[PDB]
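Text of the file query_20.txt, holding compact mmCIF, C-alpha atoms:
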```txt
# COMPACT_ATOMS: atom_id res chain seq x y z
CA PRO V 1 -6.91 79.87 -38.01
CA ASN V 2 -8.40 76.42 -37.97
CA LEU V 3 -11.48 76.31 -40.19
CA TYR V 4 -14.44 73.97 -39.72
CA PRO V 5 -17.03 73.37 -42.46
CA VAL V 6 -20.63 74.16 -41.51
CA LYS V 7 -23.46 72.34 -43.26
CA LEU V 8 -27.21 72.82 -43.21
CA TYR V 9 -29.00 69.47 -43.37
CA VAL V 10 -32.30 69.90 -45.18
CA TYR V 11 -35.26 67.58 -44.70
CA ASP V 12 -38.60 67.65 -46.51
CA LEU V 13 -40.83 66.29 -43.75
CA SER V 14 -43.57 65.74 -46.36
CA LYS V 15 -41.27 63.59 -48.50
CA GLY V 16 -42.56 65.26 -51.65
CA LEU V 17 -46.24 65.10 -50.67
CA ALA V 18 -46.41 68.83 -49.96
CA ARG V 19 -45.14 69.35 -53.49
CA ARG V 20 -48.25 67.93 -55.15
CA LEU V 21 -50.91 68.35 -52.46
CA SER V 22 -49.99 71.97 -51.69
CA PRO V 23 -51.95 73.43 -54.62
CA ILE V 24 -55.02 71.45 -53.52
CA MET V 25 -54.85 72.43 -49.85
CA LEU V 26 -53.40 75.95 -49.78
CA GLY V 27 -54.01 76.86 -53.40
CA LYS V 28 -50.34 77.78 -53.64
CA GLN V 29 -47.26 75.87 -54.81
CA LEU V 30 -44.95 74.92 -51.96
CA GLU V 31 -41.98 72.65 -52.59
CA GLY V 32 -41.76 71.09 -49.15
CA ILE V 33 -42.14 71.20 -45.37
CA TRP V 34 -38.57 72.14 -44.55
CA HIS V 35 -36.93 70.94 -41.37
CA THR V 36 -33.26 71.83 -41.08
CA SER V 37 -30.36 71.23 -38.73
CA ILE V 38 -26.77 72.43 -38.44
CA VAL V 39 -23.97 69.94 -38.92
CA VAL V 40 -20.60 71.00 -37.57
CA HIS V 41 -17.73 69.33 -35.73
CA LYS V 42 -18.99 65.92 -36.92
CA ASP V 43 -22.38 66.27 -35.18
CA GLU V 44 -25.92 67.31 -36.10
CA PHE V 45 -27.69 69.95 -33.98
CA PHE V 46 -31.37 70.93 -34.02
CA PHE V 47 -34.12 72.52 -31.95
CA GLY V 48 -37.47 70.98 -31.10
CA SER V 49 -40.09 70.79 -28.34
CA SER V 50 -37.43 69.05 -26.23
CA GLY V 51 -35.05 71.95 -26.75
CA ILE V 52 -31.63 71.81 -28.39
CA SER V 53 -30.58 68.26 -29.26
CA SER V 54 -27.70 66.59 -31.09
CA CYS V 55 -27.19 63.31 -32.91
CA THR V 56 -24.77 61.77 -35.38
CA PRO V 57 -25.51 63.33 -38.82
CA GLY V 58 -28.60 61.77 -40.39
CA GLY V 59 -29.17 59.99 -37.10
CA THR V 60 -32.77 60.90 -36.28
CA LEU V 61 -35.90 58.96 -37.20
CA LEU V 62 -36.04 61.10 -40.37
CA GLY V 63 -33.07 59.23 -41.81
CA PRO V 64 -30.67 60.83 -44.35
CA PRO V 65 -31.32 64.49 -45.25
CA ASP V 66 -32.83 65.30 -48.64
CA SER V 67 -30.11 67.87 -49.22
CA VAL V 68 -26.83 68.91 -47.62
CA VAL V 69 -26.20 72.64 -48.02
CA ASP V 70 -22.81 74.28 -47.55
CA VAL V 71 -23.13 77.26 -45.22
CA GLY V 72 -19.46 78.13 -44.90
CA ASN V 73 -16.55 77.69 -42.51
CA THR V 74 -16.35 78.72 -38.88
CA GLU V 75 -13.45 79.28 -36.50
CA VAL V 76 -15.62 78.49 -33.48
CA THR V 77 -14.21 75.42 -31.75
CA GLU V 78 -16.17 72.48 -30.35
CA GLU V 79 -15.95 73.50 -26.68
CA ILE V 80 -16.90 77.08 -27.49
CA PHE V 81 -19.77 75.85 -29.67
CA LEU V 82 -21.26 73.63 -26.96
CA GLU V 83 -21.02 76.52 -24.50
CA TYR V 84 -22.82 78.66 -27.08
CA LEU V 85 -25.60 76.11 -27.56
CA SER V 86 -25.85 75.65 -23.79
CA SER V 87 -26.31 79.41 -23.40
CA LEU V 88 -29.06 79.45 -26.04
CA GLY V 89 -30.77 76.44 -24.49
CA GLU V 90 -31.09 78.28 -21.18
CA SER V 91 -32.35 81.54 -22.63
CA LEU V 92 -34.24 81.70 -25.92
CA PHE V 93 -34.24 78.07 -26.97
CA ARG V 94 -35.71 76.15 -24.07
CA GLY V 95 -38.22 73.59 -25.29
CA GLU V 96 -41.09 75.78 -24.06
CA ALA V 97 -40.15 78.45 -26.62
CA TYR V 98 -40.85 76.23 -29.63
CA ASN V 99 -43.41 77.67 -32.06
CA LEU V 100 -44.24 76.17 -35.46
CA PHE V 101 -44.39 79.61 -37.09
CA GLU V 102 -42.02 81.98 -35.30
CA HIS V 103 -39.54 79.93 -33.23
CA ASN V 104 -38.92 76.56 -34.91
CA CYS V 105 -36.05 74.30 -36.02
CA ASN V 106 -35.24 76.74 -38.83
CA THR V 107 -35.27 79.76 -36.50
CA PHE V 108 -32.57 77.89 -34.58
CA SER V 109 -30.44 76.86 -37.58
CA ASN V 110 -30.64 80.36 -39.07
CA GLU V 111 -29.43 82.03 -35.87
CA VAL V 112 -26.73 79.40 -35.40
CA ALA V 113 -25.52 79.78 -39.00
CA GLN V 114 -25.32 83.55 -38.55
CA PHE V 115 -23.24 83.13 -35.39
CA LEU V 116 -20.86 80.58 -36.92
CA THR V 117 -20.46 82.07 -40.38
CA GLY V 118 -22.11 85.49 -40.46
CA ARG V 119 -24.58 84.16 -43.06
CA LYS V 120 -28.33 83.52 -42.84
CA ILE V 121 -29.93 80.42 -44.36
CA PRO V 122 -32.21 80.78 -47.45
CA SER V 123 -35.47 82.70 -47.11
CA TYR V 124 -37.49 80.04 -48.94
CA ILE V 125 -36.92 77.90 -45.86
CA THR V 126 -37.50 80.48 -43.11
CA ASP V 127 -40.43 82.15 -44.91
CA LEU V 128 -42.40 78.90 -45.28
CA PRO V 129 -44.52 79.51 -42.13
CA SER V 130 -45.68 82.93 -43.35
CA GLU V 131 -46.52 81.47 -46.77
CA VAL V 132 -48.86 78.95 -45.14
CA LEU V 133 -50.31 81.56 -42.77
CA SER V 134 -51.18 83.95 -45.60
CA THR V 135 -53.90 81.62 -46.89
CA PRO V 136 -57.48 80.72 -45.93
CA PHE V 137 -56.10 77.27 -45.12
CA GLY V 138 -53.54 78.69 -42.70
CA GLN V 139 -55.95 81.13 -41.09
CA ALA V 140 -58.48 78.35 -40.46
CA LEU V 141 -55.90 75.96 -39.02
CA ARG V 142 -53.95 78.63 -37.12
CA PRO V 143 -55.16 77.41 -33.68
CA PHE V 144 -54.22 73.82 -34.56
CA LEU V 145 -50.92 74.75 -36.22
CA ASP V 146 -49.92 76.86 -33.20
CA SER V 147 -50.53 73.76 -31.08
CA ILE V 148 -48.02 71.75 -33.10
CA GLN V 149 -44.62 70.98 -31.62
CA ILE V 150 -41.97 69.14 -33.62
CA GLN V 151 -39.30 66.87 -32.16
CA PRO V 152 -37.74 64.20 -34.41
CA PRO V 153 -36.74 61.27 -32.16
CA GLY V 154 -33.13 60.08 -32.01
CA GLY V 155 -31.32 63.01 -30.45
CA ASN V 156 -30.18 63.74 -26.92
CA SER V 157 -30.25 67.00 -24.96
CA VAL V 158 -27.31 69.40 -25.08
CA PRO K 1 -73.07 59.24 -2.97
CA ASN K 2 -72.33 62.59 -4.49
CA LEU K 3 -72.32 62.31 -8.29
CA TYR K 4 -70.32 64.53 -10.64
CA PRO K 5 -71.03 64.71 -14.39
CA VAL K 6 -68.10 63.84 -16.65
CA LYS K 7 -67.94 65.33 -20.14
CA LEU K 8 -65.67 64.66 -23.08
CA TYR K 9 -64.92 67.87 -24.96
CA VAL K 10 -64.41 67.10 -28.64
CA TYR K 11 -62.40 69.29 -30.98
CA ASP K 12 -61.89 68.87 -34.72
CA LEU K 13 -58.42 70.38 -35.05
CA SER K 14 -58.94 70.52 -38.83
CA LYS K 15 -62.13 72.56 -38.44
CA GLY K 16 -63.82 70.51 -41.15
CA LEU K 17 -60.88 70.58 -43.57
CA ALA K 18 -60.01 66.94 -42.91
CA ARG K 19 -63.58 66.13 -43.89
CA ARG K 20 -63.16 67.20 -47.51
CA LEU K 21 -59.40 66.93 -48.04
CA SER K 22 -59.13 63.45 -46.49
CA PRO K 23 -60.26 61.61 -49.62
CA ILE K 24 -57.67 63.53 -51.66
CA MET K 25 -54.76 62.93 -49.28
CA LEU K 26 -55.37 59.52 -47.71
CA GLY K 27 -57.89 58.22 -50.22
CA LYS K 28 -60.20 57.47 -47.31
CA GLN K 29 -63.05 59.41 -45.71
CA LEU K 30 -62.16 60.76 -42.28
CA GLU K 31 -64.54 63.10 -40.48
CA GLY K 32 -61.98 65.02 -38.46
CA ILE K 33 -58.70 65.27 -36.55
CA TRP K 34 -60.10 64.61 -33.10
CA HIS K 35 -58.56 66.21 -30.04
CA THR K 36 -60.44 65.54 -26.82
CA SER K 37 -60.29 66.52 -23.18
CA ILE K 38 -62.10 65.55 -19.99
CA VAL K 39 -64.27 68.13 -18.27
CA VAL K 40 -65.11 67.38 -14.66
CA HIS K 41 -65.39 69.38 -11.44
CA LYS K 42 -65.79 72.58 -13.49
CA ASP K 43 -62.38 72.23 -15.18
CA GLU K 44 -60.98 70.93 -18.47
CA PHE K 45 -58.09 68.42 -18.39
CA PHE K 46 -55.91 67.25 -21.28
CA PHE K 47 -52.54 65.74 -22.13
CA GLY K 48 -49.95 67.19 -24.49
CA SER K 49 -46.19 67.52 -25.02
CA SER K 50 -46.15 69.60 -21.82
CA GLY K 51 -47.82 66.79 -19.91
CA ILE K 52 -51.16 66.94 -18.12
CA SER K 53 -52.67 70.43 -18.14
CA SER K 54 -55.93 72.05 -17.06
CA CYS K 55 -57.87 75.16 -18.05
CA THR K 56 -61.36 76.56 -17.68
CA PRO K 57 -63.62 74.62 -20.12
CA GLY K 58 -63.14 75.85 -23.69
CA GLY K 59 -60.25 77.93 -22.41
CA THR K 60 -57.42 76.92 -24.74
CA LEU K 61 -56.42 78.59 -28.01
CA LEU K 62 -58.78 76.14 -29.74
CA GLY K 63 -61.79 78.00 -28.38
CA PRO K 64 -65.17 76.27 -27.76
CA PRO K 65 -65.32 72.52 -28.43
CA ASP K 66 -67.12 71.29 -31.55
CA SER K 67 -69.06 68.81 -29.43
CA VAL K 68 -69.65 68.11 -25.75
CA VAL K 69 -70.15 64.40 -25.09
CA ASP K 70 -71.68 63.00 -21.92
CA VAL K 71 -69.46 60.25 -20.52
CA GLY K 72 -71.32 59.62 -17.28
CA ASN K 73 -71.13 60.45 -13.59
CA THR K 74 -68.27 59.80 -11.20
CA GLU K 75 -68.02 59.64 -7.42
CA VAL K 76 -64.36 60.61 -7.49
CA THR K 77 -63.95 63.92 -5.66
CA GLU K 78 -61.82 66.87 -6.73
CA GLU K 79 -58.94 66.25 -4.31
CA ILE K 80 -58.84 62.56 -5.18
CA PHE K 81 -58.97 63.42 -8.89
CA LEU K 82 -56.02 65.82 -8.75
CA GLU K 83 -54.03 63.21 -6.82
CA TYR K 84 -54.94 60.72 -9.55
CA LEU K 85 -53.82 63.06 -12.34
CA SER K 86 -50.66 63.89 -10.39
CA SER K 87 -49.88 60.17 -10.15
CA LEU K 88 -50.38 59.72 -13.90
CA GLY K 89 -48.28 62.78 -14.69
CA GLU K 90 -45.33 61.27 -12.82
CA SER K 91 -45.59 57.83 -14.36
CA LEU K 92 -47.12 57.23 -17.78
CA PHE K 93 -48.16 60.72 -18.76
CA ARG K 94 -45.05 62.85 -18.45
CA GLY K 95 -44.69 65.15 -21.45
CA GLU K 96 -41.90 62.94 -22.82
CA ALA K 97 -44.37 60.08 -23.29
CA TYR K 98 -46.51 61.94 -25.83
CA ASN K 99 -46.89 60.13 -29.16
CA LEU K 100 -49.21 61.23 -31.97
CA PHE K 101 -50.26 57.64 -32.69
CA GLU K 102 -50.09 55.59 -29.49
CA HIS K 103 -49.99 57.97 -26.49
CA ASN K 104 -51.88 61.18 -27.31
CA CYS K 105 -54.58 63.46 -25.88
CA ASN K 106 -57.20 60.79 -26.61
CA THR K 107 -55.15 58.03 -24.97
CA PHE K 108 -55.29 60.22 -21.87
CA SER K 109 -59.01 61.05 -22.00
CA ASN K 110 -59.91 57.41 -22.67
CA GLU K 111 -57.97 56.14 -19.67
CA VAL K 112 -59.31 58.94 -17.48
CA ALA K 113 -62.90 58.26 -18.56
CA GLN K 114 -62.47 54.57 -17.75
CA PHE K 115 -61.16 55.42 -14.28
CA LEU K 116 -63.93 57.92 -13.51
CA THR K 117 -66.89 56.10 -15.05
CA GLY K 118 -65.79 52.61 -16.08
CA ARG K 119 -66.51 53.54 -19.72
CA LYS K 120 -64.16 54.01 -22.68
CA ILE K 121 -64.60 56.85 -25.17
CA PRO K 122 -65.73 56.06 -28.78
CA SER K 123 -63.43 54.02 -31.01
CA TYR K 124 -63.86 56.37 -33.98
CA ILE K 125 -61.82 58.84 -31.94
CA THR K 126 -59.12 56.52 -30.55
CA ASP K 127 -58.77 54.53 -33.79
CA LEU K 128 -58.07 57.62 -35.92
CA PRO K 129 -54.25 57.22 -35.74
CA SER K 130 -54.38 53.64 -37.03
CA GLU K 131 -56.71 54.70 -39.85
CA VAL K 132 -54.15 57.25 -41.04
CA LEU K 133 -51.25 54.82 -40.57
CA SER K 134 -52.89 52.12 -42.68
CA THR K 135 -52.46 54.16 -45.86
CA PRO K 136 -49.62 54.97 -48.28
CA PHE K 137 -49.96 58.54 -47.04
CA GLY K 138 -49.44 57.51 -43.42
CA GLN K 139 -46.60 55.13 -44.19
CA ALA K 140 -44.74 57.83 -46.14
CA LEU K 141 -45.22 60.48 -43.46
CA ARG K 142 -44.71 58.12 -40.51
CA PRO K 143 -41.28 59.61 -39.61
CA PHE K 144 -42.73 63.14 -39.73
CA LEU K 145 -45.97 62.22 -37.94
CA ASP K 146 -44.01 60.48 -35.16
CA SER K 147 -42.10 63.75 -34.73
CA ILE K 148 -45.32 65.67 -34.09
CA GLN K 149 -46.16 66.76 -30.56
CA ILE K 150 -49.43 68.52 -29.78
CA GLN K 151 -49.95 71.07 -27.01
CA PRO K 152 -52.82 73.57 -27.33
CA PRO K 153 -51.75 76.76 -25.51
CA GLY K 154 -53.80 78.15 -22.63
CA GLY K 155 -53.46 75.49 -19.97
CA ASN K 156 -51.25 75.18 -16.92
CA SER K 157 -49.46 72.14 -15.50
CA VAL K 158 -51.17 69.89 -12.96
```
Give the structure from this file in structure tokens form.
Amino acid sequence: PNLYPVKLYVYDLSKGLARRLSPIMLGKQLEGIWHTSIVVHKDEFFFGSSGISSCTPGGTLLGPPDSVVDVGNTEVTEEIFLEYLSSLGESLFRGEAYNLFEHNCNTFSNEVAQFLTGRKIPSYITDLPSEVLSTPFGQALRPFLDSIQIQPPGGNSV
Amino acid sequence: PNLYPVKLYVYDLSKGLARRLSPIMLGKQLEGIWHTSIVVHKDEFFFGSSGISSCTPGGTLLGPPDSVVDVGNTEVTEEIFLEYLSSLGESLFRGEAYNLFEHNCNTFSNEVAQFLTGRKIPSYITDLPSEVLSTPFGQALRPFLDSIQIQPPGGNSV
């Protein structure tokens, strides 16, 4: 069977700022504000307030990823993958469903990784929202944080 | 002529946190992360990633506003106002046009206030984005900040 490498592009939206300012804001040590995407079949795929989008790898306003993580290989072909993403985009991943804490770019990548390789992405990435929420900081800014939508420019709808 | 009071609902999304943590993040004293809306004809109107929305005053997830500011009176009736908002929503205020720095909830309220009363809202509110941008903090997080969309839940499309 033809095998296609699957990568998880990792971006620290805070560019290291969350690393030092996290103890002074949340009183807890966070290593970054993780934004991830799935790179497969030569293209980068992510979910934001605009829904599922794609771009050439490292092609958003965010620039090159801070880390490229190997997820595994998948047998899912390009045409089957696009059909899969299309199906998600019309059901559980419309732009309206975006939520900073429970339905974000990492929720997307995690579910996509599982589908393509049977593996989930690292908990330190997906658990970030709960780590922020479980603090006075997070509880006070909950209303504001729940109002936040993220959509890195540069991609086009799938 | 029938006169209708126009209010500017002011919300500090940071709930006072920006007040104390601003000197330690931006090295400059900011008093809040201002989110505003226009209240007229018994309803609250605002612009977000979803476009122009309305709700009963203080009816979003943000709760009651931190301050209610008197803008002035307007002679524009309800039906004419909705037509006005509809026109904006189809031209310069579609959800896609939202930008944290140059086309946000305050850009909307300011333009709406000017139309209804001939007055602009206070510069300390509208100039906030530039104040954050003119700092190492802002320049480093520019990519991330430009990816931020804001849409307080609770309203419905106009």
Can I get the residues of range 64-126 of chain K within 12 Å of range 54-57 of chain K, each with the closest pair of atoms and their distance in Å to one decimal, using only C-alpha atoms, sorted chain first then ascending number, as CSV?
```
residue,atom,partner,partner_atom,distance
K:64,CA,K:57,CA,8.0
K:65,CA,K:57,CA,8.7
K:68,CA,K:57,CA,10.5
K:82,CA,K:54,CA,10.4
K:85,CA,K:54,CA,10.4
K:86,CA,K:54,CA,11.8
```
Restricting it to C-alpha atoms, dump the selection as a PDB file, keeping the file's coordinate frame.
```
ATOM      1  CA  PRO K  64     -65.170  76.270 -27.760  1.00  0.00           C
ATOM      2  CA  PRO K  65     -65.320  72.520 -28.430  1.00  0.00           C
ATOM      3  CA  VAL K  68     -69.650  68.110 -25.750  1.00  0.00           C
ATOM      4  CA  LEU K  82     -56.020  65.820  -8.750  1.00  0.00           C
ATOM      5  CA  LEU K  85     -53.820  63.060 -12.340  1.00  0.00           C
ATOM      6  CA  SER K  86     -50.660  63.890 -10.390  1.00  0.00           C
TER       7      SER K  86
END
```
- Task: Scan for residues within 12 Å of the point (-59.8, 64.7, -7.4) in the coordinates of the file, using all atoms listed in the file, and reply as a list in words.
- Result: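 Within the cut-off we find residues 4, 40, 41, 42, 43, 45, 74, 75, 76, 77, 78, 79, 80, 81, 82, 83, 84, 85, 86, 87, 112, 115, 116 and 158 of chain K.
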- Test item: residues at most 10 Å from residue 129 in chain V, only C-alpha atoms, excluding those fewer than 3 positions along its chain, as an MDAnalysis selection string: chainID V and resid 33:34 100:102 104 124:126 132:134 138 145
- Task: Would you mind telling me which residue in K:147, K:2, K:117, K:135 lies nearest to chain V when using only C-alpha atoms?
- Result: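 Counting only C-alpha atoms, the residue closest to chain V is K:147.
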- Return as a VMD selection string the residues belonging to chain K that are within 12 Å of chain V, counting all atoms listed in the file. chain K and resid 11 to 18 20 to 26 33 to 35 48 to 51 60 to 64 95 to 100 136 to 155
- Message: What's the separation between CA of residue 8 in chain V and CA of residue 39 in chain V, in Å to one decimal place?
- Response: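 It comes out at 6.1 Å.
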- Hey, which of K:67, K:157, K:73, K:53 ends up closest to residue 108 in chain K? Count all atoms listed in the file. K:53
- Which is closer to residue 109 in chain K than all the others in K:123, K:156, K:36, K:91, using all atoms listed in the file?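 Using all atoms listed in the file, residue 109 in chain K sits closest to K:36.
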- d(CA of residue 29 in chain K, CA of residue 27 in chain V) in Å: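 These two atoms are separated by 21.1 Å.
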- Atomic separation - CA of residue 130 in chain V relative to CA of residue 89 in chain V, Å: 24.9 Å
- Item | Ref. answer, residues at most 6 Å from (-42.7, 70.9, -53.9) with all atoms listed in the file, as a VMD selection string | chain V and resid 18 to 19 30 to 32
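In terms of minimum interatomic distance to residue 38 in chain V, V:6 ranks closest within V:6, V:88, V:52, V:127, counting all atoms listed in the file.
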What are the centre and edge lengths in Å, to one decimal, of the axis-aligned box around all listed atoms of range 38-53 of chain K with 3 Å added on each side, as AutoDock Vina command-line options?
```
--center_x -56.0 --center_y 69.1 --center_z -18.2 --size_x 25.6 --size_y 13.0 --size_z 19.6
```
Is it possible to produce a file of range 123-150 of chain V from this structure, with N, CA and C atoms, as a PDB file, in the first residue's frame?
```pdb
ATOM      1  N   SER V 123      -0.989  15.313  24.498  1.00  0.00           N
ATOM      2  CA  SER V 123      -1.876  15.950  25.464  1.00  0.00           C
ATOM      3  C   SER V 123      -1.428  17.338  25.905  1.00  0.00           C
ATOM      4  N   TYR V 124      -0.121  17.588  25.969  1.00  0.00           N
ATOM      5  CA  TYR V 124       0.333  18.911  26.395  1.00  0.00           C
ATOM      6  C   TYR V 124      -0.206  19.995  25.462  1.00  0.00           C
ATOM      7  N   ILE V 125      -0.513  19.613  24.227  1.00  0.00           N
ATOM      8  CA  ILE V 125      -1.065  20.564  23.276  1.00  0.00           C
ATOM      9  C   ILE V 125      -2.574  20.720  23.459  1.00  0.00           C
ATOM     10  N   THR V 126      -3.290  19.597  23.444  1.00  0.00           N
ATOM     11  CA  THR V 126      -4.749  19.589  23.579  1.00  0.00           C
ATOM     12  C   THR V 126      -5.279  19.982  24.960  1.00  0.00           C
ATOM     13  N   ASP V 127      -4.471  19.768  25.994  1.00  0.00           N
ATOM     14  CA  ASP V 127      -4.863  20.099  27.365  1.00  0.00           C
ATOM     15  C   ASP V 127      -4.589  21.552  27.763  1.00  0.00           C
ATOM     16  N   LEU V 128      -3.911  22.299  26.896  1.00  0.00           N
ATOM     17  CA  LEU V 128      -3.585  23.694  27.183  1.00  0.00           C
ATOM     18  C   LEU V 128      -4.791  24.525  27.644  1.00  0.00           C
ATOM     19  N   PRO V 129      -5.911  24.470  26.900  1.00  0.00           N
ATOM     20  CA  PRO V 129      -7.107  25.239  27.280  1.00  0.00           C
ATOM     21  C   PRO V 129      -7.563  24.995  28.721  1.00  0.00           C
ATOM     22  N   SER V 130      -7.596  23.732  29.133  1.00  0.00           N
ATOM     23  CA  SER V 130      -8.027  23.388  30.485  1.00  0.00           C
ATOM     24  C   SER V 130      -7.035  23.895  31.530  1.00  0.00           C
ATOM     25  N   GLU V 131      -5.758  23.947  31.165  1.00  0.00           N
ATOM     26  CA  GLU V 131      -4.728  24.430  32.079  1.00  0.00           C
ATOM     27  C   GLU V 131      -4.905  25.920  32.351  1.00  0.00           C
ATOM     28  N   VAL V 132      -5.332  26.658  31.332  1.00  0.00           N
ATOM     29  CA  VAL V 132      -5.564  28.092  31.481  1.00  0.00           C
ATOM     30  C   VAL V 132      -6.862  28.313  32.252  1.00  0.00           C
ATOM     31  N   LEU V 133      -7.881  27.520  31.930  1.00  0.00           N
ATOM     32  CA  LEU V 133      -9.186  27.626  32.579  1.00  0.00           C
ATOM     33  C   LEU V 133      -9.159  27.342  34.076  1.00  0.00           C
ATOM     34  N   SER V 134      -8.300  26.418  34.490  1.00  0.00           N
ATOM     35  CA  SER V 134      -8.202  26.046  35.896  1.00  0.00           C
ATOM     36  C   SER V 134      -7.349  27.015  36.706  1.00  0.00           C
ATOM     37  N   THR V 135      -7.536  28.309  36.467  1.00  0.00           N
ATOM     38  CA  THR V 135      -6.791  29.339  37.187  1.00  0.00           C
ATOM     39  C   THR V 135      -7.677  30.564  37.372  1.00  0.00           C
ATOM     40  N   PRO V 136      -7.387  31.386  38.392  1.00  0.00           N
ATOM     41  CA  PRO V 136      -8.191  32.588  38.625  1.00  0.00           C
ATOM     42  C   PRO V 136      -8.188  33.430  37.350  1.00  0.00           C
ATOM     43  N   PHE V 137      -7.024  33.494  36.715  1.00  0.00           N
ATOM     44  CA  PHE V 137      -6.849  34.230  35.468  1.00  0.00           C
ATOM     45  C   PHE V 137      -7.908  33.759  34.467  1.00  0.00           C
ATOM     46  N   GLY V 138      -7.874  32.464  34.162  1.00  0.00           N
ATOM     47  CA  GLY V 138      -8.811  31.880  33.216  1.00  0.00           C
ATOM     48  C   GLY V 138     -10.277  32.041  33.564  1.00  0.00           C
ATOM     49  N   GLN V 139     -10.604  31.929  34.845  1.00  0.00           N
ATOM     50  CA  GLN V 139     -11.989  32.070  35.270  1.00  0.00           C
ATOM     51  C   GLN V 139     -12.483  33.504  35.108  1.00  0.00           C
ATOM     52  N   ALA V 140     -11.583  34.461  35.306  1.00  0.00           N
ATOM     53  CA  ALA V 140     -11.925  35.876  35.187  1.00  0.00           C
ATOM     54  C   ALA V 140     -12.070  36.298  33.726  1.00  0.00           C
ATOM     55  N   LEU V 141     -11.237  35.726  32.866  1.00  0.00           N
ATOM     56  CA  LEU V 141     -11.269  36.059  31.450  1.00  0.00           C
ATOM     57  C   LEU V 141     -12.091  35.092  30.602  1.00  0.00           C
ATOM     58  N   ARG V 142     -12.752  34.138  31.249  1.00  0.00           N
ATOM     59  CA  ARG V 142     -13.550  33.148  30.537  1.00  0.00           C
ATOM     60  C   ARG V 142     -14.469  33.763  29.479  1.00  0.00           C
ATOM     61  N   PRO V 143     -15.286  34.763  29.860  1.00  0.00           N
ATOM     62  CA  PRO V 143     -16.199  35.419  28.914  1.00  0.00           C
ATOM     63  C   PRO V 143     -15.459  35.942  27.685  1.00  0.00           C
ATOM     64  N   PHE V 144     -14.345  36.628  27.929  1.00  0.00           N
ATOM     65  CA  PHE V 144     -13.503  37.180  26.869  1.00  0.00           C
ATOM     66  C   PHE V 144     -12.862  36.066  26.029  1.00  0.00           C
ATOM     67  N   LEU V 145     -12.255  35.091  26.697  1.00  0.00           N
ATOM     68  CA  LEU V 145     -11.609  33.985  26.002  1.00  0.00           C
ATOM     69  C   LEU V 145     -12.592  33.205  25.128  1.00  0.00           C
ATOM     70  N   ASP V 146     -13.817  33.020  25.617  1.00  0.00           N
ATOM     71  CA  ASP V 146     -14.843  32.314  24.852  1.00  0.00           C
ATOM     72  C   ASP V 146     -15.297  33.139  23.648  1.00  0.00           C
ATOM     73  N   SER V 147     -14.943  34.418  23.636  1.00  0.00           N
ATOM     74  CA  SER V 147     -15.326  35.290  22.530  1.00  0.00           C
ATOM     75  C   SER V 147     -14.234  35.323  21.466  1.00  0.00           C
ATOM     76  N   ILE V 148     -13.110  34.680  21.766  1.00  0.00           N
ATOM     77  CA  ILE V 148     -11.977  34.660  20.850  1.00  0.00           C
ATOM     78  C   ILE V 148     -12.046  33.574  19.788  1.00  0.00           C
ATOM     79  N   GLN V 149     -11.875  34.009  18.547  1.00  0.00           N
ATOM     80  CA  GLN V 149     -11.883  33.141  17.379  1.00  0.00           C
ATOM     81  C   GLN V 149     -10.490  33.288  16.780  1.00  0.00           C
ATOM     82  N   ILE V 150      -9.912  32.201  16.292  1.00  0.00           N
ATOM     83  CA  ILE V 150      -8.594  32.304  15.691  1.00  0.00           C
ATOM     84  C   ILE V 150      -8.605  31.837  14.237  1.00  0.00           C
TER      85      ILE V 150
END
```
